[PDB]
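Every read-out reported here was derived from the displayed coordinates using simple, explicitly stated rules and does not represent laboratory data. Backbone-built Cβ (ideal geometry, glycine too); neighbour counts: all protein chains shown.
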Amino acid sequence: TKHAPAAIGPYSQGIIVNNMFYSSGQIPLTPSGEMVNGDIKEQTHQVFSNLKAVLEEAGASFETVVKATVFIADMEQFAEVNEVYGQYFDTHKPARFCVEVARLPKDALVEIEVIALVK
Amino acid sequence: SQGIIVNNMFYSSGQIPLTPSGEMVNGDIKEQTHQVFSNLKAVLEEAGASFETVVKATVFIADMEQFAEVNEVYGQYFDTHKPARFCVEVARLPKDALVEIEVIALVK
Amino acid sequence: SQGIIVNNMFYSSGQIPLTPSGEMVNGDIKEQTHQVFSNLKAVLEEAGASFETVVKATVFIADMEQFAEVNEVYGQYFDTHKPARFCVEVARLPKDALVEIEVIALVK
Amino acid sequence: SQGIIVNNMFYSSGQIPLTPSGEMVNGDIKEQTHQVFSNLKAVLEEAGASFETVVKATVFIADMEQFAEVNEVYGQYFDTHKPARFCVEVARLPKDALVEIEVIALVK
């Protein structure tokens, strides 16, 4: 089961600067305003739904992503996230890619930000 | 919480120009940056870190032109000590924020 | 080689402060900075990029105290355009170098 | 080629997969990545730091396709501790270098 994105607000849209899109940190918010339900892979799918939306608004896609940074509270959780990341960046793989332990907002287990070319 | 401790490092989340009561410092980018540094003081001390133990700092701002002003303040809390690394990034800040700073620090 | 290009992005090698004649440059940290900018300018036009399409710069610097000065020079070359991201970092340079500079750039 | 120590932190230069003998090692990327780690072992232990004290690693690879391999290797030494951050980046390497790691580590 895939899912629909949260509506994009002013602050969740990211910013476009000299032809590059810099998404904000996209968390696994549903269109309710609630952390989606599941283990960490389900949250990751949601983060991706949210990525796809703000990419699309800004005139970008996963194919023009040139960097993606994964935030998580525990580096143990990386492998499950990367399991999921591989379905979206598959035959395209962003040239640079960081994972980085961080305080997430309440009930979030994963946040992703991406830099992307706006053709 | 204002961050996470892992493996003797502290990783602050971004501090914005709020007073302790939570009302935004309505004032120019230098006034705001002082308040951000005052929030950094507290989260650092709360974690058993200090300014001296900051090894990275990352500045988020709307316009790269506002760096000179932020730096003139950065350099008053970090003068005898200068973190070894520092990034500066253009970003959309929360409402009325002109500056936001994150820090990585050693917890001794 | 000095560079690689992926997904339309030029990812430059660290440009140290050498003259075209092969020799470290004759002076203080500004002159070095200038030379690194003259050097970078050529590696960029070669790639289908320019200063105007730079999006990140990493300043490797020997002594973080001298950034005020590297930055006076960064301002000259990125005057109208300022890249949206940059980092400064302390590092071990080739003997005699006080500064080295990498950029990420767009190749339209 | 040494690396740096500041505010109790080791900042390694980038370890390519060379033997004790100056010789580029005989292998796939998996065998290479084991040599890089051999050489990280050394410079880490000379600096006053172990693999357990690494707070960040960065991997340079010439093809992002080979990351799932390097990451398996990575897994063996960064097992019961994982560095709190890591990056991976496509850059150019020098000779028959598929892989290249620098790292940042605590010291006392």
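Charge tally around B:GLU52: other residues with Cβ under 13 Å, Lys/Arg +1 each, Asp/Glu -1 each, net +1. For chain B, relative contact order (Cα pairs under 8 Å, six or more residues apart, normalised by length) works out to 41 percent. The phi-based Karplus calculation (6.51 cos²θ - 1.76 cosθ + 1.60; θ = phi - 60°) puts the 3J(HN,Hα) values of the range A:54-64 at 5, 3, 4, 4, 7, x, 10, 7, 5, 5, 8 Hz, whole numbers, x for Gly and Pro.
Projecting the Cα atoms of B:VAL59, B:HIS81, B:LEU98 onto the charge dipole of chain B (Cβ charges, centred on the Cα centre) puts B:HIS81 farthest toward the positive pole.
In terms of overall dimensions, the C-alpha atoms belonging to the protein assembly as shown reach 61, 48, 48 Å along their principal axes, ordered largest to smallest. The range D:59-97 and the range D:1-58 have Cα centres spaced 12 Å apart.
Only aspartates and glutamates eight or more places from B:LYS108 in sequence, or on another chain, were considered; those with a Cα closer than 16 Å are B:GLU45, B:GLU46, B:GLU52. Please check: in the Gaussian network model of chain A (C-alpha springs, under 10 Å), which one of A:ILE15, A:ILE72, A:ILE40 has the largest mean-square fluctuation. Taking springs between Cα atoms under 10 Å, the residue moving most is A:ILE15. GNM on chain A, alpha-carbon springs under 10 angstrom: the most fluctuating residue among A:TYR22, A:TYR88, A:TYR11 is A:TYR11.
Would you please classify the overall shape of the range A:15-117 from the alpha carbon gyration tensor, given that a ≥ b ≥ c denote the square roots of the eigenvalues, rounded means a/c under 1.5, and beyond that prolate means a/b larger than b/c while oblate covers the rest?
It is prolate, given that a/c is not under 1.5 and a/b is the larger ratio.
Just B:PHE67, B:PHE37, B:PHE86 to compare: in a GNM of chain B, with alpha carbon springs under 10 Å, which one fluctuates most? For chain B, modelled as a Gaussian network with Cα springs under 10 Å, the answer is B:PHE86. The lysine pair count for chain A, using Cα distances under 16 Å and pairs eight or more places apart or on different chains, is 7. Counting beta carbons within 10 Å around each of D:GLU69, D:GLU45 and listing the fewest first gives the order D:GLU45, D:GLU69.
Every helix of 4 or more DSSP H residues in chain C counts as -39500 (n - 2.57), and over all residues that averages to -8500 deg cm²/dmol at 222 nm. Ratio of Rg to Rh for chain D, alpha carbon only, Kirkwood? So for chain D, dividing Rg by the Kirkwood Rh gives 0.94. Across chain A, Cα pairs under 8 Å and at least six residues apart give a relative contact order of 35 percent. Each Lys and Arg adds +1 at its Cβ and each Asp and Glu adds -1 at its Cβ; summed about the Cα centre, chain B shows a dipole of about 420 debye.
This ranking places D:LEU106, A:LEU109 by how few other beta-carbon atoms lie within 10 Å of each, fewest first, which gives D:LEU106, A:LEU109.
Using only Cα atoms, find the angle between the long axis of helix B:67-77 and the longest principal axis of chain B, and express it within 0 to 90 degrees, rounded to the nearest 10. With rounding to tens, the tilt is 40 degrees. In plain terms, the residue of B:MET64, A:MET20 with the fewest other Cβ atoms within 10 Å comes first and the most crowded comes last, giving B:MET64, A:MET20. Dipole of chain A (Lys/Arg Cβ +1, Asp/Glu Cβ -1, origin at the Cα centre): which of A:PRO28, A:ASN50, A:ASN18 lies farthest to the positive side? Most positive-ward Cα: A:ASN18. Which angle from 0 to 90°, rounded to the nearest 10, does the C-alpha axis of helix B:29-46 make with the longest principal axis of chain B? Compared with the principal axis, the helix lies near 20 degrees.
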